[PDB]
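One structure is given here, and the rest of the page talks about it.
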Ligand SMILES: CC(=O)[C@H]1CC[C@H]2[C@@H]3CC[C@@H]4C[C@H](OS(N)(=O)=O)CC[C@]4(C)[C@H]3CC[C@]12C
Ligand SMILES: [Zn+2]
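Residue numbers (the authors' numbering): 3 to 260.
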């Protein structure tokens with residue numbers, strides 16, 4: 003029906019409502035590290051998050067998201083494979099029922115426990131609705147999560163998830179600094195792809211960082227207590243909200259590093 007991640011509405015059904023699901027530049031993909039070409043012409047990623055203004059945290063029935071003020075150039079991505087300036091709209095995660103799955107991208111078929119997406123849109127298109135209709139409209143910065151040591155910068159997020167358990171719930175989430183979610187290295191892979199949920203628009207320049215962040219078992223367990231369902235409905239844990247790897251087709255994954 004309305005799409006989700008279950009047996010009857012999950013990724014293998016999405017093509018019926020969104021035929022671009024079987025398109026030529028779908029995401030995510032497996033990153034085959036030995037086949038990705040080092041591109042010495044790729045520039046360092048420019049991440050400018052000092053003036054970020056977070057606004058709200060929301061359970062959208064498919065993930066939770068932290069939304070930012072994107073009405074000015076306060077939190078922007080540029081350089082790397084990008085032409086121009088991309089404003090941060092929101093970040094969200096994909097995660098598993100257990101630590102051995104949850105990421106959308108894979109690395110030599112390895113699945114991480116979770117994947118963080120920082121979603122940015124190209125200011126030349128003026129708004130994100132316009133940007134998703136363009137092949138260079140969005141840049142999504144993808145960061146893998148493994149389970150081990152706690153990520154201190156994630157704790158303010160984990161501590162409010164009890165307040166947005168079910169679909170539709172939101173809360174004030176001001177003064178959150180997304181720099182606390184970044185790994186040391188900005189070494190990346192890049193390829194042209196898509197949104198990984200409906201409507202699966204082929205509008206994304208993917209930038210996937212090589213270095214995962216570590217989060218604790220206690221932090222990821224709080225993700226797994228969220229609910230896909232709305233408040234009065236049968237409880238269906240929000241887990242395994244990831245789309246599997248899609249055919250690479252006529253695409254090259256480029257590495258910023260040797
Ligand atoms: C159709 C439309 O209006 C677009 C504009 C911004 C898009 C959203 C941007 C933020 C994330 C990106 C996300 O893609 S991902 N997982 O590759 O980062 C798909 C869901 C969602 C909510 C997107 C859904 C479709 C949206 C609402
Ligand atoms: Zn995502």
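Ideal Cβ positions, reconstructed from N, Cα and C, are used throughout, including at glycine.
Would you list the one or two residues that DSSP bridges to residue i?
i, result
"residue 32", "108"
"residue 257", "40 and 191"
"residue 163", "Residue 163 pairs with nothing; no bridge assigned."
"residue 148", "216"
"residue 141", "122 and 207"
"residue 61", "66"
"residue 49", "79"
"residue 23", "DSSP, once it has assigned bridges, lists no residue as partnering residue 23."
Look up residue i in the DSSP assignment and say whether it is helix, strand or coil.
i, result
"residue 54", "coil"
"residue 117", "strand"
"residue 219", "helix"
"residue 2", "In the structure as shown, the chain starts at 3 and stops at 260, and residue 2 therefore has no counterpart that could be examined."
"residue 157", "helix"
"residue 81", "strand"
"residue 16", "helix"
"residue 250", "coil"
"residue 130", "helix"
"residue 178", "coil"
"residue 225", "helix"
"residue 183", "helix"
"residue 94", "strand"
"residue 100", "coil"
"residue 196", "coil"
"residue 239", "strand"
"residue 172", "strand"
Taking residue i and residue j to be in contact with their CB atoms under 8 Å, please state how far apart those CB atoms are, rounded to whole angstroms.
i, j, result
"residue 5", "residue 200", "5 Å"
"residue 76", "residue 88", "Actually they are not in contact, since the Cβ atoms of residue 76 and residue 88 sit about 12 Å apart, beyond 8 Å."
"residue 217", "residue 153", "5 Å"
"residue 30", "residue 247", "6 Å"
"residue 63", "residue 178", "The Cβ separation is near 22 Å, so there is no contact."
"residue 144", "residue 61", "About 21 Å; that fails the 8 Å criterion."
"residue 121", "residue 91", "5 Å"
"residue 95", "residue 225", "7 Å"
"residue 240", "residue 228", "4 Å"
"residue 190", "residue 47", "6 Å"
(request) Report yes or no: do three or more beta-carbon pairs, one from the stretch 128–140 and one from the stretch 51–66, lie closer than 8 Å? (result) no
(request) Kindly confirm or deny that the stretch 55–75 and the stretch 99–106 touch, where touching means at least three C-beta pairs closer than 8 Å. (result) no
(request) May I ask you to verify whether the stretch 130–143 touches the stretch 157–177, counting CB pairs closer than 8 Å and requiring at least 3? (result) No, because fewer than three Cβ pairs between the stretch 130–143 and the stretch 157–177 fall closer than 8 Å, the two stretches do not touch.
(message) Measuring CB atoms only, is the stretch 16–36 touching the stretch 223–241, in the sense that at least three cross pairs come out at less than 8 Å?
(response) no
(message) Below 8 Å, how does it come out for the stretch 202–209 and the stretch 89–100: are there three or more Cβ pairs, yes or no?
(response) The stretch 202–209 vs the stretch 89–100: no contact.
(request) Any chance you could list the residues with Cβ under 6 Å from a heavy atom of ligand 4, keeping chain order? (result) As for ligand 4, it is missing from this structure, which binds only ligand 1 and ligand 2.
(message) Using 8 Å as the cut-off, can you tell me whether the stretch 181–189 makes contact with the stretch 24–40, which would need three or more C-beta pairs spanning the two stretches below that distance?
(response) no
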